[PDB]
There are 2 protein chains.
Amino acid sequence: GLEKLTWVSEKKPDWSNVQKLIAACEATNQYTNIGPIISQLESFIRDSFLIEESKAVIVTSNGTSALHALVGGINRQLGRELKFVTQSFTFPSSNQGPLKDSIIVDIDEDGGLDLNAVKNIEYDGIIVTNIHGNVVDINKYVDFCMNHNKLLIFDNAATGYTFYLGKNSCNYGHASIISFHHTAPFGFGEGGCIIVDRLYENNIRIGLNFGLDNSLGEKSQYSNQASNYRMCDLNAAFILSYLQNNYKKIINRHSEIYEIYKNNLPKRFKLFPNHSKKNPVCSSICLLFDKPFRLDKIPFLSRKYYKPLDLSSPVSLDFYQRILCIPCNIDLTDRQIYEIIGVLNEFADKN
Amino acid sequence: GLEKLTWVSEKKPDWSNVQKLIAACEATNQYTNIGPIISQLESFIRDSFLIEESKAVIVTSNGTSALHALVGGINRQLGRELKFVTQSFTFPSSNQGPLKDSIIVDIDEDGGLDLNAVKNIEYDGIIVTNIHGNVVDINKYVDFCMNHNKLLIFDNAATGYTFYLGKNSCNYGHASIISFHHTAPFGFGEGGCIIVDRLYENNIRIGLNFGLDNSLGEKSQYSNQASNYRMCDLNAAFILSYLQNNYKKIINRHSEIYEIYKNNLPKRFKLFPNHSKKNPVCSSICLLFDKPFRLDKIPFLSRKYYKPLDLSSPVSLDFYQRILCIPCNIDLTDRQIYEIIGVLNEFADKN
Ligand SMILES: Cc1ncc(COP(=O)(O)O)c(/C=N/[C@H]2[C@H](O)[C@@H](O)[C@@H](OP(=O)(O)OP(=O)(O)OC[C@H]3O[C@@H](n4cc(C)c(=O)[nH]c4=O)C[C@@H]3O)O[C@@H]2C)c1O
Ligand SMILES: Cc1ncc(COP(=O)(O)O)c(/C=N/[C@H]2[C@H](O)[C@@H](O)[C@@H](OP(=O)(O)OP(=O)(O)OC[C@H]3O[C@@H](n4cc(C)c(=O)[nH]c4=O)C[C@@H]3O)O[C@@H]2C)c1O
Ligand SMILES: [Cl-]
Ligand SMILES: [Cl-]
Ligand SMILES: [Cl-]
Ligand SMILES: [Cl-]
Ligand code: NA
Ligand code: NA
């Protein structure tokens with residue numbers, strides 16, 4: 001039964017839909033450098049994920065490039081290489097590229113960057129990871145960055161449709177990023193998106209194109225803070241088509257999977273910390289066992305995220321050692337979920 | 001007849017062929033993190049472009065990420081952020097990402113980084129741009145870097161199939177990069193490739209995946225010098241298909257178009273400096289006028305590359321003021337070439 005578990009739902013192109021979209025590229029020979037699909041996908045993300053008009057929606061090559069293009073654009077606007085703090089319990093993206101020298105501090109027990117740990121640090125902003133669709137106490141972080149006059153970026157790579165006080169979590173802070181990597185619920189191949197205050201929109205958009213702005217003609221000027229961060233229209237067509245066919249079913253079905261775990265917790269596990277009133281839409285079901293344990297004890301497909309970036313982050317290491325990330329996708333039957341919960345109950349009695 | 005000039009030939013997916021290649025992805029749900037297409041495109045590039053076995057062929061998301069992945073891999077291998085010199089007369093890529101603090105020096109009149117400008121300064125390596133399919137005197141750079149114990153990278157973004165003393169220019173220096181951007185002769189959408197000494201292959205390839213090596217399980221370690229730099233298998237399929245169908249015709253027709261300009265040079269125009277014995281395979285036909293002039297004087301689709309990264313570099317600036325980059329692609333007719341040449345004679349008579 002559980003032998004057939006996969007991390008990601010089986011994802012195949014709607015070839016007729018993808019070919020219809022790319023027929024726009026074929027007619028003009030424009031397949032990149034902001035061809036005719038980019039605005040269709042940015043529009044679809046705004047209207048489907050419910051991004052406020054105060055935010056630009058900016059697609060990039062991947063979730064990593066979304067975060068990097070966001071920072072390089074803000075670096076260009078403020079005129080220096082900004083110093084960000086990130087949490088140890090997250091993916092490498094937030095200590096790479098323009099963040100390669102980001103400061104790493106521990107999480108608190110709610111899964112986000114420990115605000116008590118930056119007391120005595122020099123920094124311009126913080127990056128907080130909303131883990132696998134779960135969200136932190138977002139207003140704790142908004143209030144803190146308002147009071148201390150800091151930039152706030154939410155790493156929502158795995159968190160495209162978790163609502164906080166009646167609005168997509170992507171709408172909070174100065175910006176968020178989401179991943180359309182194949183392993184993400186909304187993903188297909190590679191891609192990313194920046195949700196950012198309009199203040200920074202132009203510098204981030206031209207920052208996808210080496211900092212060059214064709215609208216300036218001979219005044220067009222590259223920035224050493226920019227790169228090739230743009231989304232290819234080919235990738236936009238595959239992502240847009242996947243979202244068109246699947247995004248509603250993913251939200252409802254992922255919410256249904258979360259409901260079953262919430263009402264049938266195996267003994268001595270807890271749900272990863274989450275601060276949304278409705279079920280989050282998760283990239284995996286993350287449970288914390290009450291004691292450290294090794295994945296090879298679990299006789300079904302399962303993972304640990306995230307290996308701490310700084311292995312001297314004690315709260316981050318504890319979570320890593322105690323966490324069990326279970327597949328969450330639209331291919332999973334309830335029968336499989338109940339068979340999973342029974343294997344975990346067994347494990348809990350013998351460990 | 002010059003109304004219908006395009007920079008790039010009309011490029012259209014061979015959909016039955018692309019569908020056939022991506023069927024391997026559909027069968028396993030693996031569309032990135034090195035799916036079943038990556039090895040196929042890497043092999044084709046090795047066998048078709050005639051790369052030697054002492055070189056890795058490593059595809060990436062774009063030409064920029066090929067350069068940045070190359071530098072990040074080497075930085076991580078040597079345990080230090082290496083200092084590169086780049087030429088002013090190049091694209092912004094070689095002053096971005098891990099090269100954002102690269103030293104910019106002038107070209108000499110042969111079109112490459114002026115070695116006299118790095119006699120008395122600190123640096124680990126040089127990046128030399130082979131402009132639009134033209135190649136520098138490659139052995140003077142190989143000899144200099146061997147004598148001074150310096151790394152040598154060729155920015156071959158626009159230069160996939162120009163031969164130097166019997167082998168693809170990509171096989172010289174410690175590494176080269178090529179672009180599969182839609183604007184490149186070999187390109188389709190977005191893509192890049194690294195041709196590099198085997199010594200650096202493993203650090204560069206894991207460096208496309210945040211520095212992570214799955215084969216090491218728990219000792220898998222991210223690097224602050226890495227990123228998401230991989231090519232998605234979707235992109236690999238479009239590029240591999242375009243190359244299967246067109247690469248031979250592009251090589252022959254681009255060489256024939258060059259032959260016509262070389263035997264019918266317009267008045268007071270010289271070919272861009274080139275050191276290949278056979279006609280180079282050009283991304284555009286670059287001519288130097290005998291004095292500065294404006295593009296708005298040329299009554300057909302034409303460009304100037306490259307706006308100097310450092311506007312104070314005198315040879316780079318002189319080149320930019322005198323250069324005319326004429327479309328070179330497999331849609332161009334001989335009729336159109338002789339018309340362009342007639343227009344440039346008329347331009348010379350009046351300027
Ligand atoms: C908080 C955060 N911020 C930023 C980012 C950066 O976003 P991107 O630049 O990646 O868009 C991430 C990435 N988060 C993602 C990564 O994107 C992904 O590589 C995977 O990191 P790995 O676990 O190292 O990948 P891999 O082991 O290859 O795949 C996991 C499972 O998915 C399966 N899979 C994978 C791919 C690529 C596929 O095409 N099909 C498929 O079935 C295989 C396996 O069972 O998951 C992370 C959580 C992130 O979690
Ligand atoms: C020396 C060197 N190193 C590194 C790189 C970096 O490689 P990538 O990361 O780009 O793969 C480049 C790129 N060199 C290329 C760039 O790839 C391209 O953006 C274009 O830089 P722009 O001139 O700023 O782009 P754009 O004006 O949009 O395109 C030029 C012409 O191509 C036409 N076009 C363009 C696209 C994107 C398309 O899809 N279809 C099409 O017909 C329109 C126009 O007439 O040309 C450069 C020489 C380079 O020349
Ligand atoms: Cl809420
Ligand atoms: Cl679909
Ligand atoms: Cl084709
Ligand atoms: Cl030769
Ligand atoms: Na927008
Ligand atoms: Na706001």
# chains A, B, ... in the order shown; residues from 1 in each chain; ligands from 1
call {"tool": "residues_near_ligand", "arguments": {"ligand": "ligand 1", "cutoff": "7 Å", "atoms": "only C-alpha atoms and all ligand atoms", "output": "count of residues only"}}
result
33
call {"tool": "residues_near_ligand", "arguments": {"ligand": "ligand 3", "cutoff": "10 Å", "atoms": "only C-alpha atoms and all ligand atoms", "output": "ChimeraX atom specification"}}
result
/A:135,137-138,162-169,274-280
call {"tool": "select_by_dssp", "arguments": {"residues": "range 144-318 of chain A", "states": "helix (DSSP H, G or I)", "output": "PyMOL selection string"}}
result
chain A and resi 144-148+169-171+198-207+214-219+233-263+295-297+314-318
call {"tool": "residues_near_ligand", "arguments": {"ligand": "ligand 7", "cutoff": "8 Å", "atoms": "only C-alpha atoms and all ligand atoms", "output": "ChimeraX atom specification"}}
result
/A:39,42-43,46,55-58
call {"tool": "closest_residue", "arguments": {"among": "B:198, B:335, B:268, B:249", "to": "residue 52 in chain B", "atoms": "only C-alpha atoms"}}
result
B:198
call {"tool": "closest_atom_pairs", "arguments": {"of": "chain A", "to": "ligand 4", "cutoff": "12 Å", "atoms": "only C-alpha atoms and all ligand atoms", "output": "JSON lines"}}
result
{"residue": "A:9", "atom": "CA", "partner": "ligand 4", "partner_atom_place_in_ligand_line": "1 (Cl)", "distance": 10.9}
{"residue": "A:10", "atom": "CA", "partner": "ligand 4", "partner_atom_place_in_ligand_line": "1 (Cl)", "distance": 9.7}
{"residue": "A:11", "atom": "CA", "partner": "ligand 4", "partner_atom_place_in_ligand_line": "1 (Cl)", "distance": 6.6}
{"residue": "A:12", "atom": "CA", "partner": "ligand 4", "partner_atom_place_in_ligand_line": "1 (Cl)", "distance": 6.0}
{"residue": "A:13", "atom": "CA", "partner": "ligand 4", "partner_atom_place_in_ligand_line": "1 (Cl)", "distance": 5.4}
{"residue": "A:14", "atom": "CA", "partner": "ligand 4", "partner_atom_place_in_ligand_line": "1 (Cl)", "distance": 4.9}
{"residue": "A:15", "atom": "CA", "partner": "ligand 4", "partner_atom_place_in_ligand_line": "1 (Cl)", "distance": 8.6}
{"residue": "A:16", "atom": "CA", "partner": "ligand 4", "partner_atom_place_in_ligand_line": "1 (Cl)", "distance": 10.3}
{"residue": "A:17", "atom": "CA", "partner": "ligand 4", "partner_atom_place_in_ligand_line": "1 (Cl)", "distance": 8.6}
{"residue": "A:18", "atom": "CA", "partner": "ligand 4", "partner_atom_place_in_ligand_line": "1 (Cl)", "distance": 9.2}
{"residue": "A:186", "atom": "CA", "partner": "ligand 4", "partner_atom_place_in_ligand_line": "1 (Cl)", "distance": 10.5}
{"residue": "A:187", "atom": "CA", "partner": "ligand 4", "partner_atom_place_in_ligand_line": "1 (Cl)", "distance": 10.7}
{"residue": "A:188", "atom": "CA", "partner": "ligand 4", "partner_atom_place_in_ligand_line": "1 (Cl)", "distance": 9.1}
{"residue": "A:237", "atom": "CA", "partner": "ligand 4", "partner_atom_place_in_ligand_line": "1 (Cl)", "distance": 10.9}
{"residue": "A:238", "atom": "CA", "partner": "ligand 4", "partner_atom_place_in_ligand_line": "1 (Cl)", "distance": 8.3}
{"residue": "A:239", "atom": "CA", "partner": "ligand 4", "partner_atom_place_in_ligand_line": "1 (Cl)", "distance": 8.7}
{"residue": "A:240", "atom": "CA", "partner": "ligand 4", "partner_atom_place_in_ligand_line": "1 (Cl)", "distance": 9.1}
{"residue": "A:241", "atom": "CA", "partner": "ligand 4", "partner_atom_place_in_ligand_line": "1 (Cl)", "distance": 5.9}
{"residue": "A:242", "atom": "CA", "partner": "ligand 4", "partner_atom_place_in_ligand_line": "1 (Cl)", "distance": 4.1}
{"residue": "A:243", "atom": "CA", "partner": "ligand 4", "partner_atom_place_in_ligand_line": "1 (Cl)", "distance": 7.2}
{"residue": "A:244", "atom": "CA", "partner": "ligand 4", "partner_atom_place_in_ligand_line": "1 (Cl)", "distance": 7.4}
{"residue": "A:245", "atom": "CA", "partner": "ligand 4", "partner_atom_place_in_ligand_line": "1 (Cl)", "distance": 5.0}
{"residue": "A:246", "atom": "CA", "partner": "ligand 4", "partner_atom_place_in_ligand_line": "1 (Cl)", "distance": 6.3}
{"residue": "A:247", "atom": "CA", "partner": "ligand 4", "partner_atom_place_in_ligand_line": "1 (Cl)", "distance": 9.5}
{"residue": "A:248", "atom": "CA", "partner": "ligand 4", "partner_atom_place_in_ligand_line": "1 (Cl)", "distance": 11.9}
{"residue": "A:249", "atom": "CA", "partner": "ligand 4", "partner_atom_place_in_ligand_line": "1 (Cl)", "distance": 11.2}
{"residue": "A:250", "atom": "CA", "partner": "ligand 4", "partner_atom_place_in_ligand_line": "1 (Cl)", "distance": 11.5}
call {"tool": "closest_residue", "arguments": {"among": "B:265, B:226, B:118, B:332", "to": "chain A", "atoms": "only C-alpha atoms"}}
result
B:226
call {"tool": "residues_around", "arguments": {"residues": "residue 144 in chain A", "least_positions_apart": "6", "cutoff": "12 Å", "atoms": "only C-alpha atoms", "output": "JSON, numbers by chain"}}
result
{"A": [113, 114, 115, 116, 118, 119, 125, 126, 137, 138, 150, 151, 152, 173]}
call {"tool": "write_last_selection", "arguments": {"atoms": "C-alpha atoms", "output": "PDB file, in the first residue's frame"}}
result
ATOM      1  CA  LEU A 113      14.121  33.311  13.208  1.00  0.00           C
ATOM      2  CA  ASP A 114      14.739  33.983  16.975  1.00  0.00           C
ATOM      3  CA  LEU A 115      14.170  37.772  17.273  1.00  0.00           C
ATOM      4  CA  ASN A 116      15.791  37.594  20.798  1.00  0.00           C
ATOM      5  CA  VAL A 118      19.604  39.689  16.942  1.00  0.00           C
ATOM      6  CA  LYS A 119      19.641  41.979  20.043  1.00  0.00           C
ATOM      7  CA  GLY A 125      16.936  43.148   7.439  1.00  0.00           C
ATOM      8  CA  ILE A 126      15.798  39.633   8.273  1.00  0.00           C
ATOM      9  CA  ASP A 137       3.462  34.486  14.013  1.00  0.00           C
ATOM     10  CA  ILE A 138       3.826  36.885  10.995  1.00  0.00           C
ATOM     11  CA  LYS A 150      14.426  46.701   9.388  1.00  0.00           C
ATOM     12  CA  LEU A 151      13.527  45.071   6.025  1.00  0.00           C
ATOM     13  CA  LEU A 152      11.448  41.878   6.395  1.00  0.00           C
ATOM     14  CA  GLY A 173       6.710  42.043   5.117  1.00  0.00           C
TER      15      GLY A 173
END
call {"tool": "residues_around", "arguments": {"residues": "residue 318 in chain B", "least_positions_apart": "2", "cutoff": "12 Å", "atoms": "only C-alpha atoms", "output": "PyMOL selection string"}}
result
chain B and resi 88-89+106-109+111+288-293+304-308+311-316+320-323
call {"tool": "select_by_dssp", "arguments": {"residues": "range 111-351 of chain A", "states": "strand (DSSP E or B)", "output": "ChimeraX atom specification"}}
result
/A:113,125-129,151-155,163-164,167-168,175-179,192-197,209,228,230,269-271,284-289,303,323-327
call {"tool": "closest_residue", "arguments": {"among": "B:351, B:147, B:96, B:102", "to": "chain A", "atoms": "only C-alpha atoms"}}
result
B:96
call {"tool": "closest_residue", "arguments": {"among": "A:264, A:255, A:40, A:221", "to": "chain B", "atoms": "only C-alpha atoms"}}
result
A:221
call {"tool": "residues_near_ligand", "arguments": {"ligand": "ligand 8", "cutoff": "7 Å", "atoms": "only C-alpha atoms and all ligand atoms", "output": "PyMOL selection string"}}
result
chain A and resi 54+172-174+197
call {"tool": "atom_distance", "arguments": {"atom1": "CA of residue 154 in chain A", "atom2": "CA of residue 36 in chain A"}}
result
28.7 Å
call {"tool": "closest_residue", "arguments": {"among": "A:262, A:297, A:20, A:230", "to": "ligand 2", "atoms": "only C-alpha atoms and all ligand atoms"}}
result
A:230
call {"tool": "closest_residue", "arguments": {"among": "B:139, B:77, B:68, B:225", "to": "ligand 2", "atoms": "only C-alpha atoms and all ligand atoms"}}
result
B:68
call {"tool": "decode", "arguments": {"residues": "range 141-162 of chain A", "atoms": "N, CA, C and O atoms", "output": "PDB file, in the first residue's frame"}}
result
ATOM      1  N   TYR A 141       6.843  39.463  13.700  1.00  0.00           N
ATOM      2  CA  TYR A 141       7.994  39.859  12.841  1.00  0.00           C
ATOM      3  C   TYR A 141       7.723  41.228  12.205  1.00  0.00           C
ATOM      4  O   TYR A 141       8.647  42.048  12.138  1.00  0.00           O
ATOM      5  N   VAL A 142       6.489  41.495  11.774  1.00  0.00           N
ATOM      6  CA  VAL A 142       6.123  42.789  11.124  1.00  0.00           C
ATOM      7  C   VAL A 142       6.319  43.914  12.148  1.00  0.00           C
ATOM      8  O   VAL A 142       7.023  44.880  11.842  1.00  0.00           O
ATOM      9  N   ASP A 143       5.748  43.754  13.344  1.00  0.00           N
ATOM     10  CA  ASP A 143       5.888  44.725  14.458  1.00  0.00           C
ATOM     11  C   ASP A 143       7.384  44.934  14.748  1.00  0.00           C
ATOM     12  O   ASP A 143       7.838  46.100  14.778  1.00  0.00           O
ATOM     13  N   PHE A 144       8.150  43.862  14.906  1.00  0.00           N
ATOM     14  CA  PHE A 144       9.585  43.978  15.250  1.00  0.00           C
ATOM     15  C   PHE A 144      10.304  44.805  14.172  1.00  0.00           C
ATOM     16  O   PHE A 144      11.060  45.731  14.504  1.00  0.00           O
ATOM     17  N   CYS A 145      10.083  44.512  12.890  1.00  0.00           N
ATOM     18  CA  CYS A 145      10.834  45.186  11.795  1.00  0.00           C
ATOM     19  C   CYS A 145      10.365  46.636  11.649  1.00  0.00           C
ATOM     20  O   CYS A 145      11.187  47.478  11.300  1.00  0.00           O
ATOM     21  N   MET A 146       9.097  46.914  11.941  1.00  0.00           N
ATOM     22  CA  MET A 146       8.554  48.293  11.990  1.00  0.00           C
ATOM     23  C   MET A 146       9.251  49.079  13.106  1.00  0.00           C
ATOM     24  O   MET A 146       9.723  50.172  12.823  1.00  0.00           O
ATOM     25  N   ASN A 147       9.273  48.542  14.329  1.00  0.00           N
ATOM     26  CA  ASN A 147       9.863  49.207  15.526  1.00  0.00           C
ATOM     27  C   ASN A 147      11.364  49.444  15.311  1.00  0.00           C
ATOM     28  O   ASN A 147      11.821  50.533  15.677  1.00  0.00           O
ATOM     29  N   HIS A 148      12.095  48.485  14.725  1.00  0.00           N
ATOM     30  CA  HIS A 148      13.576  48.552  14.574  1.00  0.00           C
ATOM     31  C   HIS A 148      13.988  49.059  13.191  1.00  0.00           C
ATOM     32  O   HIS A 148      15.208  49.218  13.001  1.00  0.00           O
ATOM     33  N   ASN A 149      13.018  49.344  12.310  1.00  0.00           N
ATOM     34  CA  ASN A 149      13.223  49.958  10.966  1.00  0.00           C
ATOM     35  C   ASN A 149      14.102  49.035  10.143  1.00  0.00           C
ATOM     36  O   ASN A 149      15.174  49.464   9.692  1.00  0.00           O
ATOM     37  N   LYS A 150      13.690  47.780  10.077  1.00  0.00           N
ATOM     38  CA  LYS A 150      14.426  46.701   9.388  1.00  0.00           C
ATOM     39  C   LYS A 150      13.566  46.261   8.206  1.00  0.00           C
ATOM     40  O   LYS A 150      12.324  46.373   8.311  1.00  0.00           O
ATOM     41  N   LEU A 151      14.206  45.781   7.134  1.00  0.00           N
ATOM     42  CA  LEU A 151      13.527  45.071   6.025  1.00  0.00           C
ATOM     43  C   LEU A 151      13.156  43.677   6.508  1.00  0.00           C
ATOM     44  O   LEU A 151      13.944  43.056   7.276  1.00  0.00           O
ATOM     45  N   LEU A 152      11.990  43.218   6.081  1.00  0.00           N
ATOM     46  CA  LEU A 152      11.448  41.878   6.395  1.00  0.00           C
ATOM     47  C   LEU A 152      11.117  41.179   5.072  1.00  0.00           C
ATOM     48  O   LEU A 152      10.294  41.693   4.301  1.00  0.00           O
ATOM     49  N   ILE A 153      11.774  40.057   4.837  1.00  0.00           N
ATOM     50  CA  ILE A 153      11.520  39.155   3.695  1.00  0.00           C
ATOM     51  C   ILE A 153      11.032  37.850   4.288  1.00  0.00           C
ATOM     52  O   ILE A 153      11.693  37.354   5.222  1.00  0.00           O
ATOM     53  N   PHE A 154       9.903  37.331   3.790  1.00  0.00           N
ATOM     54  CA  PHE A 154       9.467  35.955   4.122  1.00  0.00           C
ATOM     55  C   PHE A 154       9.917  35.014   3.007  1.00  0.00           C
ATOM     56  O   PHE A 154       9.546  35.198   1.857  1.00  0.00           O
ATOM     57  N   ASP A 155      10.698  34.004   3.362  1.00  0.00           N
ATOM     58  CA  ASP A 155      11.014  32.897   2.434  1.00  0.00           C
ATOM     59  C   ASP A 155       9.788  31.975   2.432  1.00  0.00           C
ATOM     60  O   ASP A 155       9.725  31.088   3.313  1.00  0.00           O
ATOM     61  N   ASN A 156       8.855  32.186   1.487  1.00  0.00           N
ATOM     62  CA  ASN A 156       7.657  31.322   1.273  1.00  0.00           C
ATOM     63  C   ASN A 156       7.892  30.349   0.110  1.00  0.00           C
ATOM     64  O   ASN A 156       6.906  29.997  -0.565  1.00  0.00           O
ATOM     65  N   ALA A 157       9.127  29.890  -0.102  1.00  0.00           N
ATOM     66  CA  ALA A 157       9.444  28.936  -1.192  1.00  0.00           C
ATOM     67  C   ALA A 157       8.380  27.835  -1.230  1.00  0.00           C
ATOM     68  O   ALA A 157       7.857  27.546  -2.319  1.00  0.00           O
ATOM     69  N   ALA A 158       8.065  27.254  -0.083  1.00  0.00           N
ATOM     70  CA  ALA A 158       7.156  26.104   0.034  1.00  0.00           C
ATOM     71  C   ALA A 158       5.763  26.537   0.521  1.00  0.00           C
ATOM     72  O   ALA A 158       4.976  25.659   0.860  1.00  0.00           O
ATOM     73  N   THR A 159       5.450  27.832   0.499  1.00  0.00           N
ATOM     74  CA  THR A 159       4.304  28.455   1.216  1.00  0.00           C
ATOM     75  C   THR A 159       3.560  29.447   0.297  1.00  0.00           C
ATOM     76  O   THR A 159       3.506  30.655   0.603  1.00  0.00           O
ATOM     77  N   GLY A 160       2.954  28.935  -0.771  1.00  0.00           N
ATOM     78  CA  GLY A 160       2.274  29.781  -1.771  1.00  0.00           C
ATOM     79  C   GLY A 160       0.831  30.105  -1.420  1.00  0.00           C
ATOM     80  O   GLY A 160       0.285  31.040  -2.029  1.00  0.00           O
ATOM     81  N   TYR A 161       0.178  29.346  -0.536  1.00  0.00           N
ATOM     82  CA  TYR A 161      -1.265  29.583  -0.262  1.00  0.00           C
ATOM     83  C   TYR A 161      -1.612  29.251   1.186  1.00  0.00           C
ATOM     84  O   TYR A 161      -2.612  28.562   1.414  1.00  0.00           O
ATOM     85  N   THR A 162      -0.862  29.803   2.132  1.00  0.00           N
ATOM     86  CA  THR A 162      -1.251  29.771   3.561  1.00  0.00           C
ATOM     87  C   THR A 162      -1.676  31.177   3.968  1.00  0.00           C
ATOM     88  O   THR A 162      -0.895  32.121   3.775  1.00  0.00           O
TER      89      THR A 162
END
